[PDB]
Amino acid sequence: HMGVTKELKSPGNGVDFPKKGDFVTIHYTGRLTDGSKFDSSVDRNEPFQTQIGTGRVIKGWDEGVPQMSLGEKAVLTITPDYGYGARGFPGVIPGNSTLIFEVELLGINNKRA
């Protein structure tokens, strides 16, 4: 999927992958391309929970996360068009920003890594 690239860092179980409509549990760290963190669920010590593939989150997550298996650690590199685009996200992300997320897939529906 063109606006997002996934780099596997450590494999999950290689069997359970999120599908459109699933609810996933994720720990993440987002950085801008200058290397600076803009947000982290890890530092916040709270897991992030959301439906995937239904537009609840940026396109880059919706298209990137279903490519990971349960337990996988990856990096999702997201073009502005698949992120917050020209506007950015007021108070956090400048307009026209590539987003780089470290993502750990901790849960899919009832299943847990």
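When you see a residue number, it is the position in the sequence shown, counting from 1.
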May I ask you to compare 14-22 and 90-98 by their mean CA B factor in the entry and name the higher one?
90-98
Looking only at CA atoms, which has the higher mean B factor in the entry: 62-70 or 36-44?
36-44
Give the position of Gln51 by CA B-factor within its chain, expressed as the lowest, middle or highest third.
middle
Lowest, middle or highest third of the chain for the C-alpha temperature factor of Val4?
middle
